[PDB]
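input35.tsv follows (TSV, N, CA and C atoms):
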```tsv
chain	number	residue	atom	x	y	z
A	1	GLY	N	0.81	-1.21	0.00
A	1	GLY	CA	0.00	0.00	0.00
A	1	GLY	C	0.84	1.26	0.00
A	2	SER	N	0.19	2.41	-0.17
A	2	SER	CA	0.89	3.69	-0.19
A	2	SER	C	1.26	4.13	1.22
A	3	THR	N	0.49	3.66	2.20
A	3	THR	CA	0.73	4.01	3.60
A	3	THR	C	1.63	2.99	4.27
A	4	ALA	N	2.30	2.17	3.47
A	4	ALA	CA	3.19	1.14	3.99
A	4	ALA	C	4.21	1.74	4.95
A	5	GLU	N	5.21	2.43	4.40
A	5	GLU	CA	6.25	3.05	5.22
A	5	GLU	C	6.97	4.14	4.44
A	6	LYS	N	7.15	5.30	5.07
A	6	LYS	CA	7.83	6.42	4.43
A	6	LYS	C	9.34	6.32	4.63
A	7	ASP	N	9.75	5.65	5.70
A	7	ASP	CA	11.17	5.48	6.00
A	7	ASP	C	11.89	4.78	4.85
A	8	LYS	N	11.13	4.05	4.04
A	8	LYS	CA	11.70	3.33	2.91
A	8	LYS	C	12.28	4.30	1.88
A	9	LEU	N	11.80	5.54	1.91
A	9	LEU	CA	12.27	6.56	0.98
A	9	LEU	C	13.77	6.79	1.15
A	10	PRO	N	14.40	7.36	0.11
A	10	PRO	CA	15.84	7.64	0.11
A	10	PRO	C	16.20	8.77	1.07
A	11	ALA	N	17.45	9.22	1.00
A	11	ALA	CA	17.92	10.30	1.86
A	11	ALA	C	18.60	11.40	1.05
A	12	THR	N	19.24	12.33	1.74
A	12	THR	CA	19.93	13.43	1.08
A	12	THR	C	21.31	13.66	1.68
A	13	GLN	N	22.05	14.60	1.10
A	13	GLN	CA	23.39	14.92	1.59
A	13	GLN	C	23.36	16.12	2.52
A	14	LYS	N	24.31	16.16	3.46
A	14	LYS	CA	24.39	17.26	4.41
A	14	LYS	C	25.70	18.03	4.25
A	15	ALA	N	26.63	17.44	3.51
A	15	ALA	CA	27.92	18.08	3.27
A	15	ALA	C	27.75	19.50	2.74
A	16	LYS	N	27.36	19.61	1.48
A	16	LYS	CA	27.16	20.91	0.85
A	16	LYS	C	26.47	20.77	-0.50
A	17	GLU	N	25.21	21.18	-0.57
A	17	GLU	CA	24.44	21.10	-1.80
A	17	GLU	C	24.42	22.44	-2.53
A	18	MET	N	23.92	22.44	-3.76
A	18	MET	CA	23.85	23.66	-4.55
A	18	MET	C	22.40	24.02	-4.86
A	19	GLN	N	22.18	25.28	-5.22
A	19	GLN	CA	20.83	25.76	-5.54
A	19	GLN	C	20.61	25.79	-7.05
A	20	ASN	N	19.34	25.80	-7.45
A	20	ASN	CA	18.99	25.83	-8.86
A	20	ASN	C	18.14	27.05	-9.19
A	21	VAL	N	18.78	28.06	-9.78
A	21	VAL	CA	18.08	29.29	-10.14
A	21	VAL	C	17.76	29.32	-11.63
A	22	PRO	N	16.47	29.49	-11.96
A	22	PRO	CA	16.00	29.54	-13.35
A	22	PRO	C	16.45	30.81	-14.06
A	23	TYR	N	17.08	30.64	-15.22
A	23	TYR	CA	17.55	31.77	-16.00
A	23	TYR	C	16.84	31.85	-17.35
A	24	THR	N	17.03	32.96	-18.05
A	24	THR	CA	16.40	33.16	-19.35
A	24	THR	C	17.38	33.78	-20.34
A	25	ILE	N	17.03	33.72	-21.63
A	25	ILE	CA	17.88	34.28	-22.67
A	25	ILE	C	17.04	34.81	-23.83
A	26	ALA	N	17.40	35.98	-24.33
A	26	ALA	CA	16.69	36.60	-25.44
A	26	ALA	C	17.51	36.53	-26.72
A	27	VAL	N	16.92	35.96	-27.77
A	27	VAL	CA	17.59	35.83	-29.05
A	27	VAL	C	16.64	36.12	-30.21
A	28	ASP	N	17.10	36.89	-31.18
A	28	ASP	CA	16.29	37.24	-32.34
A	28	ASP	C	15.00	37.93	-31.91
A	29	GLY	N	15.02	38.54	-30.73
A	29	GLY	CA	13.85	39.22	-30.22
A	29	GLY	C	12.92	38.30	-29.46
A	30	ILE	N	13.19	37.00	-29.53
A	30	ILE	CA	12.37	36.01	-28.85
A	30	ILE	C	13.16	35.31	-27.74
A	31	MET	N	12.54	35.14	-26.59
A	31	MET	CA	13.18	34.49	-25.45
A	31	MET	C	13.13	32.97	-25.60
A	32	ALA	N	14.17	32.30	-25.11
A	32	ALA	CA	14.24	30.85	-25.19
A	32	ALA	C	14.39	30.23	-23.80
A	33	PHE	N	13.27	29.78	-23.24
A	33	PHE	CA	13.28	29.17	-21.91
A	33	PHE	C	12.91	27.69	-21.99
A	34	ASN	N	13.70	26.85	-21.33
A	34	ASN	CA	13.46	25.41	-21.33
A	34	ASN	C	13.51	24.86	-19.91
A	35	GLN	N	13.10	25.67	-18.94
A	35	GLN	CA	13.10	25.26	-17.55
A	35	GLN	C	14.53	25.04	-17.04
A	36	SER	N	15.50	25.52	-17.81
A	36	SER	CA	16.91	25.38	-17.45
A	36	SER	C	17.22	26.15	-16.17
A	37	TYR	N	18.08	25.59	-15.34
A	37	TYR	CA	18.46	26.22	-14.08
A	37	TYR	C	19.98	26.37	-13.99
A	38	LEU	N	20.43	27.29	-13.13
A	38	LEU	CA	21.85	27.53	-12.95
A	38	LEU	C	22.29	27.13	-11.54
A	39	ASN	N	23.52	26.65	-11.43
A	39	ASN	CA	24.07	26.23	-10.14
A	39	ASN	C	24.74	27.40	-9.43
A	40	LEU	N	24.58	27.46	-8.11
A	40	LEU	CA	25.17	28.53	-7.31
A	40	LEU	C	25.53	28.03	-5.91
A	41	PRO	N	26.44	28.75	-5.24
A	41	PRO	CA	26.88	28.40	-3.89
A	41	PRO	C	25.79	28.63	-2.85
A	42	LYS	N	25.79	27.79	-1.81
A	42	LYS	CA	24.81	27.90	-0.74
A	42	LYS	C	25.26	28.90	0.32
A	43	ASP	N	24.46	29.93	0.54
A	43	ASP	CA	24.78	30.95	1.54
A	43	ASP	C	26.19	31.50	1.32
A	44	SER	N	26.50	31.84	0.07
A	44	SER	CA	27.81	32.37	-0.27
A	44	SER	C	27.70	33.40	-1.39
A	45	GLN	N	28.39	34.53	-1.23
A	45	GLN	CA	28.37	35.59	-2.23
A	45	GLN	C	29.28	35.24	-3.40
A	46	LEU	N	29.09	35.94	-4.51
A	46	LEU	CA	29.89	35.71	-5.71
A	46	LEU	C	29.91	36.95	-6.60
A	47	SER	N	30.92	37.04	-7.46
A	47	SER	CA	31.06	38.17	-8.37
A	47	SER	C	30.71	37.77	-9.80
A	48	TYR	N	30.80	38.72	-10.71
A	48	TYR	CA	30.49	38.47	-12.12
A	48	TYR	C	31.63	37.71	-12.80
A	49	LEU	N	32.86	38.01	-12.38
A	49	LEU	CA	34.04	37.36	-12.95
A	49	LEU	C	34.03	35.86	-12.65
A	50	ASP	N	33.60	35.51	-11.45
A	50	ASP	CA	33.54	34.11	-11.03
A	50	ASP	C	32.25	33.46	-11.51
A	51	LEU	N	31.12	34.05	-11.14
A	51	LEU	CA	29.82	33.52	-11.53
A	51	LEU	C	29.74	33.32	-13.04
A	52	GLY	N	30.37	34.22	-13.78
A	52	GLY	CA	30.36	34.12	-15.23
A	52	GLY	C	30.87	32.78	-15.72
A	53	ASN	N	31.75	32.16	-14.95
A	53	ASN	CA	32.31	30.87	-15.31
A	53	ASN	C	31.21	29.84	-15.55
A	54	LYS	N	30.14	29.94	-14.77
A	54	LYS	CA	29.01	29.02	-14.90
A	54	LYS	C	28.03	29.51	-15.96
A	55	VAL	N	27.91	30.83	-16.08
A	55	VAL	CA	27.01	31.43	-17.06
A	55	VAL	C	27.50	31.20	-18.48
A	56	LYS	N	28.74	31.60	-18.74
A	56	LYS	CA	29.34	31.43	-20.06
A	56	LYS	C	29.14	30.01	-20.57
A	57	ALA	N	29.14	29.05	-19.65
A	57	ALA	CA	28.96	27.64	-20.01
A	57	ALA	C	27.64	27.43	-20.75
A	58	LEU	N	26.59	28.07	-20.25
A	58	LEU	CA	25.27	27.95	-20.86
A	58	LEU	C	25.21	28.69	-22.19
A	59	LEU	N	25.98	29.77	-22.29
A	59	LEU	CA	26.02	30.57	-23.52
A	59	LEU	C	26.34	29.70	-24.73
A	60	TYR	N	27.37	28.87	-24.60
A	60	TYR	CA	27.77	27.98	-25.68
A	60	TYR	C	26.95	26.69	-25.67
A	61	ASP	N	26.41	26.36	-24.50
A	61	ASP	CA	25.61	25.15	-24.35
A	61	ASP	C	24.20	25.37	-24.92
A	62	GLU	N	23.85	26.62	-25.16
A	62	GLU	CA	22.54	26.96	-25.70
A	62	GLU	C	22.57	27.00	-27.22
A	63	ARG	N	23.46	27.82	-27.77
A	63	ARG	CA	23.59	27.95	-29.22
A	63	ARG	C	25.04	27.72	-29.65
A	64	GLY	N	25.96	27.86	-28.71
A	64	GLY	CA	27.37	27.67	-29.02
A	64	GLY	C	28.06	28.96	-29.43
A	65	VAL	N	27.78	30.03	-28.70
A	65	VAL	CA	28.37	31.33	-28.99
A	65	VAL	C	29.65	31.54	-28.19
A	66	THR	N	30.54	32.39	-28.70
A	66	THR	CA	31.80	32.68	-28.03
A	66	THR	C	31.74	34.01	-27.30
A	67	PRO	N	32.65	34.19	-26.33
A	67	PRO	CA	32.72	35.43	-25.53
A	67	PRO	C	33.22	36.61	-26.35
A	68	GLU	N	33.84	36.33	-27.48
A	68	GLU	CA	34.37	37.37	-28.36
A	68	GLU	C	33.27	37.90	-29.28
A	69	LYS	N	32.27	37.07	-29.55
A	69	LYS	CA	31.17	37.45	-30.42
A	69	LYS	C	30.05	38.10	-29.62
A	70	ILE	N	29.77	37.55	-28.44
A	70	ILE	CA	28.72	38.08	-27.58
A	70	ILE	C	29.05	39.49	-27.11
A	71	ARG	N	30.33	39.83	-27.14
A	71	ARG	CA	30.78	41.16	-26.72
A	71	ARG	C	30.61	42.17	-27.85
A	72	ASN	N	30.83	41.71	-29.08
A	72	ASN	CA	30.70	42.58	-30.25
A	72	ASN	C	29.23	42.77	-30.63
A	73	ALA	N	28.35	42.03	-29.96
A	73	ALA	CA	26.92	42.13	-30.23
A	73	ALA	C	26.46	43.58	-30.20
A	74	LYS	N	25.43	43.88	-30.99
A	74	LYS	CA	24.89	45.23	-31.06
A	74	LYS	C	24.45	45.71	-29.68
A	75	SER	N	24.07	44.77	-28.83
A	75	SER	CA	23.63	45.10	-27.48
A	75	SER	C	23.76	43.90	-26.55
A	76	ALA	N	24.15	44.15	-25.31
A	76	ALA	CA	24.32	43.09	-24.32
A	76	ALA	C	23.95	43.57	-22.92
A	77	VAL	N	22.88	43.01	-22.37
A	77	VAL	CA	22.42	43.38	-21.03
A	77	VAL	C	22.06	42.15	-20.21
A	78	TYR	N	22.25	42.25	-18.90
A	78	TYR	CA	21.94	41.14	-18.00
A	78	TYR	C	20.94	41.57	-16.93
A	79	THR	N	19.90	40.76	-16.75
A	79	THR	CA	18.87	41.05	-15.76
A	79	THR	C	18.95	40.08	-14.59
A	80	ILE	N	18.88	40.63	-13.38
A	80	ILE	CA	18.94	39.81	-12.17
A	80	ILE	C	17.80	40.15	-11.22
A	81	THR	N	16.99	39.15	-10.90
A	81	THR	CA	15.85	39.34	-10.00
A	81	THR	C	16.10	38.68	-8.65
A	82	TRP	N	16.06	39.47	-7.59
A	82	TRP	CA	16.28	38.96	-6.24
A	82	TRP	C	15.01	38.32	-5.69
A	83	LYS	N	15.17	37.54	-4.62
A	83	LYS	CA	14.03	36.87	-3.99
A	83	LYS	C	13.00	37.89	-3.51
A	84	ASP	N	13.44	39.13	-3.33
A	84	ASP	CA	12.55	40.19	-2.87
A	84	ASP	C	11.52	40.53	-3.94
A	85	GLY	N	11.79	40.12	-5.17
A	85	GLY	CA	10.88	40.39	-6.27
A	85	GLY	C	11.36	41.53	-7.15
A	86	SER	N	12.47	42.14	-6.77
A	86	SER	CA	13.04	43.25	-7.54
A	86	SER	C	14.03	42.75	-8.57
A	87	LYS	N	14.00	43.35	-9.76
A	87	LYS	CA	14.90	42.96	-10.84
A	87	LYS	C	15.60	44.18	-11.43
A	88	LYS	N	16.89	44.04	-11.70
A	88	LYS	CA	17.67	45.13	-12.27
A	88	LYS	C	18.38	44.69	-13.55
A	89	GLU	N	18.53	45.61	-14.49
A	89	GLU	CA	19.19	45.31	-15.76
A	89	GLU	C	20.54	46.02	-15.85
A	90	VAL	N	21.56	45.28	-16.25
A	90	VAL	CA	22.90	45.84	-16.39
A	90	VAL	C	23.37	45.81	-17.84
A	91	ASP	N	23.66	46.98	-18.38
A	91	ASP	CA	24.12	47.10	-19.76
A	91	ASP	C	25.60	46.75	-19.87
A	92	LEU	N	25.89	45.51	-20.23
A	92	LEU	CA	27.27	45.06	-20.37
A	92	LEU	C	27.94	45.71	-21.57
A	93	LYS	N	27.17	45.94	-22.63
A	93	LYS	CA	27.68	46.57	-23.84
A	93	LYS	C	28.25	47.95	-23.53
A	94	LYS	N	27.83	48.53	-22.41
A	94	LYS	CA	28.30	49.85	-22.01
A	94	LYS	C	28.64	49.87	-20.52
A	95	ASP	N	29.34	48.84	-20.07
A	95	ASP	CA	29.74	48.74	-18.67
A	95	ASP	C	31.20	48.30	-18.55
A	96	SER	N	32.06	49.22	-18.14
A	96	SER	CA	33.48	48.93	-17.98
A	96	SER	C	33.97	49.34	-16.60
A	97	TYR	N	33.05	49.85	-15.78
A	97	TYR	CA	33.39	50.29	-14.43
A	97	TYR	C	32.57	49.53	-13.39
A	98	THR	N	31.34	49.19	-13.76
A	98	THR	CA	30.44	48.46	-12.86
A	98	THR	C	31.12	47.23	-12.29
A	99	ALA	N	30.91	46.98	-11.01
A	99	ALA	CA	31.50	45.82	-10.34
A	99	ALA	C	31.04	45.73	-8.89
A	100	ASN	N	30.42	44.62	-8.53
A	100	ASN	CA	29.93	44.41	-7.17
A	100	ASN	C	29.50	42.96	-6.96
A	101	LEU	N	29.75	42.44	-5.77
A	101	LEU	CA	29.39	41.07	-5.44
A	101	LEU	C	27.92	40.97	-5.06
A	102	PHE	N	27.39	39.75	-5.04
A	102	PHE	CA	26.00	39.52	-4.69
A	102	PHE	C	25.83	38.18	-3.97
A	103	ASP	N	24.72	38.05	-3.25
A	103	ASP	CA	24.44	36.82	-2.51
A	103	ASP	C	23.47	35.93	-3.28
A	104	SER	N	23.97	34.80	-3.77
A	104	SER	CA	23.15	33.87	-4.53
A	104	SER	C	21.91	33.46	-3.74
A	105	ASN	N	22.07	33.33	-2.43
A	105	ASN	CA	20.97	32.94	-1.56
A	105	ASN	C	19.83	33.96	-1.64
A	106	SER	N	20.16	35.17	-2.11
A	106	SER	CA	19.17	36.23	-2.23
A	106	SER	C	18.73	36.40	-3.68
A	107	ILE	N	19.22	35.52	-4.55
A	107	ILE	CA	18.87	35.57	-5.96
A	107	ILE	C	17.68	34.67	-6.27
A	108	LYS	N	16.83	35.12	-7.19
A	108	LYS	CA	15.65	34.36	-7.58
A	108	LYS	C	15.78	33.84	-9.01
A	109	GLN	N	16.01	34.76	-9.95
A	109	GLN	CA	16.15	34.40	-11.35
A	109	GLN	C	16.93	35.46	-12.11
A	110	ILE	N	17.25	35.18	-13.37
A	110	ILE	CA	17.99	36.11	-14.21
A	110	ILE	C	17.52	36.05	-15.66
A	111	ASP	N	17.55	37.19	-16.33
A	111	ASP	CA	17.13	37.27	-17.72
A	111	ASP	C	18.18	37.97	-18.57
A	112	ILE	N	18.87	37.19	-19.41
A	112	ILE	CA	19.91	37.74	-20.27
A	112	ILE	C	19.34	38.12	-21.63
A	113	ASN	N	19.74	39.30	-22.12
A	113	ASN	CA	19.27	39.78	-23.41
A	113	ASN	C	20.43	40.35	-24.23
A	114	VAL	N	20.78	39.66	-25.31
A	114	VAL	CA	21.86	40.10	-26.18
A	114	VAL	C	21.38	40.27	-27.61
A	115	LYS	N	21.35	41.52	-28.07
A	115	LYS	CA	20.91	41.83	-29.43
A	115	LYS	C	22.09	41.81	-30.40
A	116	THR	N	22.12	40.81	-31.27
A	116	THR	CA	23.20	40.68	-32.25
A	116	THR	C	22.64	40.62	-33.66
A	117	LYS	N	23.32	41.28	-34.59
A	117	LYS	CA	22.90	41.29	-35.99
A	117	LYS	C	23.99	41.87	-36.88
```
Would you kindly transcribe this structure into structure tokens?
Amino acid sequence: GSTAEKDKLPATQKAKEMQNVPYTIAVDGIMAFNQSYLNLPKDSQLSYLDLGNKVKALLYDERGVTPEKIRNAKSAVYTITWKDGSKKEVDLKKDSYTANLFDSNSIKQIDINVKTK
């Protein structure tokens, strides 16, 4: 029966797990979402230089674009929405001074938009 025993169920790890934050991407004016999620540190802050290591991975894993082409794009902006419900957009195509760390634990989702043509 279904009420047999719940203890029979599996277990989990206590060492150190990761979180799954849903991200988005805009291409050709149309967004491409496939329920894909991104990995992040638990209760740990991170920067763009480091976090990018995981992001860039999806960039090529999605369509196979390079960091040299995505930069030459007509436009490049990154959107980050915190658990608070607030979202901010950062214009990478015009950002050479911006720089600040963030807490993944306080992150909800992100929406990347790169206009290339």
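With distances taken over only N, CA and C atoms, A:74 is the one residue among A:74, A:83, A:94, A:54 lying closest to residue 114 of chain A.
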Could you tell me how far atom CA of residue 51 of chain A lies from atom C of residue 39 of chain A, in Å and to one decimal?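 That distance, rounded to one decimal, is 8.2 Å.
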Looking only at the backbone, which of the residues in chain A does DSSP tag as strand (DSSP E), as a PDB file with N, CA and C atoms, in the coordinates of the input?
```
ATOM      1  N   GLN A  19      22.180  25.280  -5.220  1.00  0.00           N
ATOM      2  CA  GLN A  19      20.830  25.760  -5.540  1.00  0.00           C
ATOM      3  C   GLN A  19      20.610  25.790  -7.050  1.00  0.00           C
ATOM      4  N   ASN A  20      19.340  25.800  -7.450  1.00  0.00           N
ATOM      5  CA  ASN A  20      18.990  25.830  -8.860  1.00  0.00           C
ATOM      6  C   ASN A  20      18.140  27.050  -9.190  1.00  0.00           C
ATOM      7  N   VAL A  21      18.780  28.060  -9.780  1.00  0.00           N
ATOM      8  CA  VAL A  21      18.080  29.290 -10.140  1.00  0.00           C
ATOM      9  C   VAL A  21      17.760  29.320 -11.630  1.00  0.00           C
ATOM     10  N   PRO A  22      16.470  29.490 -11.960  1.00  0.00           N
ATOM     11  CA  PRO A  22      16.000  29.540 -13.350  1.00  0.00           C
ATOM     12  C   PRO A  22      16.450  30.810 -14.060  1.00  0.00           C
ATOM     13  N   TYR A  23      17.080  30.640 -15.220  1.00  0.00           N
ATOM     14  CA  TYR A  23      17.550  31.770 -16.000  1.00  0.00           C
ATOM     15  C   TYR A  23      16.840  31.850 -17.350  1.00  0.00           C
ATOM     16  N   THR A  24      17.030  32.960 -18.050  1.00  0.00           N
ATOM     17  CA  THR A  24      16.400  33.160 -19.350  1.00  0.00           C
ATOM     18  C   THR A  24      17.380  33.780 -20.340  1.00  0.00           C
ATOM     19  N   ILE A  25      17.030  33.720 -21.630  1.00  0.00           N
ATOM     20  CA  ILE A  25      17.880  34.280 -22.670  1.00  0.00           C
ATOM     21  C   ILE A  25      17.040  34.810 -23.830  1.00  0.00           C
ATOM     22  N   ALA A  26      17.400  35.980 -24.330  1.00  0.00           N
ATOM     23  CA  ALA A  26      16.690  36.600 -25.440  1.00  0.00           C
ATOM     24  C   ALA A  26      17.510  36.530 -26.720  1.00  0.00           C
ATOM     25  N   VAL A  27      16.920  35.960 -27.770  1.00  0.00           N
ATOM     26  CA  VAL A  27      17.590  35.830 -29.050  1.00  0.00           C
ATOM     27  C   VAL A  27      16.640  36.120 -30.210  1.00  0.00           C
ATOM     28  N   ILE A  30      13.190  37.000 -29.530  1.00  0.00           N
ATOM     29  CA  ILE A  30      12.370  36.010 -28.850  1.00  0.00           C
ATOM     30  C   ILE A  30      13.160  35.310 -27.740  1.00  0.00           C
ATOM     31  N   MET A  31      12.540  35.140 -26.590  1.00  0.00           N
ATOM     32  CA  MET A  31      13.180  34.490 -25.450  1.00  0.00           C
ATOM     33  C   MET A  31      13.130  32.970 -25.600  1.00  0.00           C
ATOM     34  N   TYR A  37      18.080  25.590 -15.340  1.00  0.00           N
ATOM     35  CA  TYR A  37      18.460  26.220 -14.080  1.00  0.00           C
ATOM     36  C   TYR A  37      19.980  26.370 -13.990  1.00  0.00           C
ATOM     37  N   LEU A  38      20.430  27.290 -13.130  1.00  0.00           N
ATOM     38  CA  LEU A  38      21.850  27.530 -12.950  1.00  0.00           C
ATOM     39  C   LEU A  38      22.290  27.130 -11.540  1.00  0.00           C
ATOM     40  N   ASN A  39      23.520  26.650 -11.430  1.00  0.00           N
ATOM     41  CA  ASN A  39      24.070  26.230 -10.140  1.00  0.00           C
ATOM     42  C   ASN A  39      24.740  27.400  -9.430  1.00  0.00           C
ATOM     43  N   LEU A  40      24.580  27.460  -8.110  1.00  0.00           N
ATOM     44  CA  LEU A  40      25.170  28.530  -7.310  1.00  0.00           C
ATOM     45  C   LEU A  40      25.530  28.030  -5.910  1.00  0.00           C
ATOM     46  N   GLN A  45      28.390  34.530  -1.230  1.00  0.00           N
ATOM     47  CA  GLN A  45      28.370  35.590  -2.230  1.00  0.00           C
ATOM     48  C   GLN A  45      29.280  35.240  -3.400  1.00  0.00           C
ATOM     49  N   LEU A  46      29.090  35.940  -4.510  1.00  0.00           N
ATOM     50  CA  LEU A  46      29.890  35.710  -5.710  1.00  0.00           C
ATOM     51  C   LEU A  46      29.910  36.950  -6.600  1.00  0.00           C
ATOM     52  N   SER A  75      24.070  44.770 -28.830  1.00  0.00           N
ATOM     53  CA  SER A  75      23.630  45.100 -27.480  1.00  0.00           C
ATOM     54  C   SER A  75      23.760  43.900 -26.550  1.00  0.00           C
ATOM     55  N   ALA A  76      24.150  44.150 -25.310  1.00  0.00           N
ATOM     56  CA  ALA A  76      24.320  43.090 -24.320  1.00  0.00           C
ATOM     57  C   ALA A  76      23.950  43.570 -22.920  1.00  0.00           C
ATOM     58  N   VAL A  77      22.880  43.010 -22.370  1.00  0.00           N
ATOM     59  CA  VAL A  77      22.420  43.380 -21.030  1.00  0.00           C
ATOM     60  C   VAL A  77      22.060  42.150 -20.210  1.00  0.00           C
ATOM     61  N   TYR A  78      22.250  42.250 -18.900  1.00  0.00           N
ATOM     62  CA  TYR A  78      21.940  41.140 -18.000  1.00  0.00           C
ATOM     63  C   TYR A  78      20.940  41.570 -16.930  1.00  0.00           C
ATOM     64  N   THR A  79      19.900  40.760 -16.750  1.00  0.00           N
ATOM     65  CA  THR A  79      18.870  41.050 -15.760  1.00  0.00           C
ATOM     66  C   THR A  79      18.950  40.080 -14.590  1.00  0.00           C
ATOM     67  N   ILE A  80      18.880  40.630 -13.380  1.00  0.00           N
ATOM     68  CA  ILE A  80      18.940  39.810 -12.170  1.00  0.00           C
ATOM     69  C   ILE A  80      17.800  40.150 -11.220  1.00  0.00           C
ATOM     70  N   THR A  81      16.990  39.150 -10.900  1.00  0.00           N
ATOM     71  CA  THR A  81      15.850  39.340 -10.000  1.00  0.00           C
ATOM     72  C   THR A  81      16.100  38.680  -8.650  1.00  0.00           C
ATOM     73  N   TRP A  82      16.060  39.470  -7.590  1.00  0.00           N
ATOM     74  CA  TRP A  82      16.280  38.960  -6.240  1.00  0.00           C
ATOM     75  C   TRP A  82      15.010  38.320  -5.690  1.00  0.00           C
ATOM     76  N   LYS A  87      14.000  43.350  -9.760  1.00  0.00           N
ATOM     77  CA  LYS A  87      14.900  42.960 -10.840  1.00  0.00           C
ATOM     78  C   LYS A  87      15.600  44.180 -11.430  1.00  0.00           C
ATOM     79  N   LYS A  88      16.890  44.040 -11.700  1.00  0.00           N
ATOM     80  CA  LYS A  88      17.670  45.130 -12.270  1.00  0.00           C
ATOM     81  C   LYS A  88      18.380  44.690 -13.550  1.00  0.00           C
ATOM     82  N   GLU A  89      18.530  45.610 -14.490  1.00  0.00           N
ATOM     83  CA  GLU A  89      19.190  45.310 -15.760  1.00  0.00           C
ATOM     84  C   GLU A  89      20.540  46.020 -15.850  1.00  0.00           C
ATOM     85  N   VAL A  90      21.560  45.280 -16.250  1.00  0.00           N
ATOM     86  CA  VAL A  90      22.900  45.840 -16.390  1.00  0.00           C
ATOM     87  C   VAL A  90      23.370  45.810 -17.840  1.00  0.00           C
ATOM     88  N   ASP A  91      23.660  46.980 -18.380  1.00  0.00           N
ATOM     89  CA  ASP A  91      24.120  47.100 -19.760  1.00  0.00           C
ATOM     90  C   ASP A  91      25.600  46.750 -19.870  1.00  0.00           C
ATOM     91  N   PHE A 102      27.390  39.750  -5.040  1.00  0.00           N
ATOM     92  CA  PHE A 102      26.000  39.520  -4.690  1.00  0.00           C
ATOM     93  C   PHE A 102      25.830  38.180  -3.970  1.00  0.00           C
ATOM     94  N   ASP A 103      24.720  38.050  -3.250  1.00  0.00           N
ATOM     95  CA  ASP A 103      24.440  36.820  -2.510  1.00  0.00           C
ATOM     96  C   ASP A 103      23.470  35.930  -3.280  1.00  0.00           C
ATOM     97  N   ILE A 107      19.220  35.520  -4.550  1.00  0.00           N
ATOM     98  CA  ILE A 107      18.870  35.570  -5.960  1.00  0.00           C
ATOM     99  C   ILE A 107      17.680  34.670  -6.270  1.00  0.00           C
ATOM    100  N   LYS A 108      16.830  35.120  -7.190  1.00  0.00           N
ATOM    101  CA  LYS A 108      15.650  34.360  -7.580  1.00  0.00           C
ATOM    102  C   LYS A 108      15.780  33.840  -9.010  1.00  0.00           C
ATOM    103  N   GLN A 109      16.010  34.760  -9.950  1.00  0.00           N
ATOM    104  CA  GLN A 109      16.150  34.400 -11.350  1.00  0.00           C
ATOM    105  C   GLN A 109      16.930  35.460 -12.110  1.00  0.00           C
ATOM    106  N   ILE A 110      17.250  35.180 -13.370  1.00  0.00           N
ATOM    107  CA  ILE A 110      17.990  36.110 -14.210  1.00  0.00           C
ATOM    108  C   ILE A 110      17.520  36.050 -15.660  1.00  0.00           C
ATOM    109  N   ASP A 111      17.550  37.190 -16.330  1.00  0.00           N
ATOM    110  CA  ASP A 111      17.130  37.270 -17.720  1.00  0.00           C
ATOM    111  C   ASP A 111      18.180  37.970 -18.570  1.00  0.00           C
ATOM    112  N   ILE A 112      18.870  37.190 -19.410  1.00  0.00           N
ATOM    113  CA  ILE A 112      19.910  37.740 -20.270  1.00  0.00           C
ATOM    114  C   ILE A 112      19.340  38.120 -21.630  1.00  0.00           C
ATOM    115  N   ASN A 113      19.740  39.300 -22.120  1.00  0.00           N
ATOM    116  CA  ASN A 113      19.270  39.780 -23.410  1.00  0.00           C
ATOM    117  C   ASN A 113      20.430  40.350 -24.230  1.00  0.00           C
ATOM    118  N   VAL A 114      20.780  39.660 -25.310  1.00  0.00           N
ATOM    119  CA  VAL A 114      21.860  40.100 -26.180  1.00  0.00           C
ATOM    120  C   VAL A 114      21.380  40.270 -27.610  1.00  0.00           C
ATOM    121  N   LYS A 115      21.350  41.520 -28.070  1.00  0.00           N
ATOM    122  CA  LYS A 115      20.910  41.830 -29.430  1.00  0.00           C
ATOM    123  C   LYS A 115      22.090  41.810 -30.400  1.00  0.00           C
TER     124      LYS A 115
END
```
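Atom to atom, atom C of residue 115 of chain A and atom N of residue 46 of chain A stand 27.5 Å apart.
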To one decimal place, how far is atom CA of residue 109 of chain A from atom CA of residue 80 of chain A in Å? 6.1 Å
Show which residues sit within 6 Å of residue 81 of chain A, as a CSV table (one decimal) with N, CA and C atoms, keeping the file's coordinate frame. Count only C-alpha atoms, and ignore same-chain residues fewer than 6 positions away.
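Okay, this is what ended up in around-v6.csv:
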```
chain,number,residue,atom,x,y,z
A,87,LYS,N,14.0,43.4,-9.8
A,87,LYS,CA,14.9,43.0,-10.8
A,87,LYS,C,15.6,44.2,-11.4
A,108,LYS,N,16.8,35.1,-7.2
A,108,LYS,CA,15.6,34.4,-7.6
A,108,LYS,C,15.8,33.8,-9.0
A,109,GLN,N,16.0,34.8,-10.0
A,109,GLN,CA,16.2,34.4,-11.4
A,109,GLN,C,16.9,35.5,-12.1
A,110,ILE,N,17.2,35.2,-13.4
A,110,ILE,CA,18.0,36.1,-14.2
A,110,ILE,C,17.5,36.0,-15.7
```
Output as a VMD selection string all residues of chain A that backbone DSSP marks as alpha helix (DSSP H). chain A and resid 48 to 62 69 to 72
With only N, CA and C atoms as the basis for distance, which of A:3, A:61, A:10, A:35 is at the shortest distance from residue 22 of chain A?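 Of A:3, A:61, A:10, A:35, the one nearest residue 22 of chain A is A:35, counting only N, CA and C atoms.
Near segment 11-16 of chain A, within 12 Å and counting only C-alpha atoms, sit residues 6, 7, 8, 9, 18, 19, 40, 41, 42, 43 and 44 of chain A; same-chain residues fewer than 2 positions away were not included.
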Would you kindly return, as number ranges by chain, each protein, DNA or RNA residue with an atom no farther than 7 Å from any atom of residue 89 of chain A, considering all atoms listed in the file and excluding same-chain residues fewer than 2 positions away? A: 77-80, 87, 91-92
Pick from A:76, A:23, A:38, A:70: nearest to residue 90 of chain A, with all atoms listed in the file counted? A:76
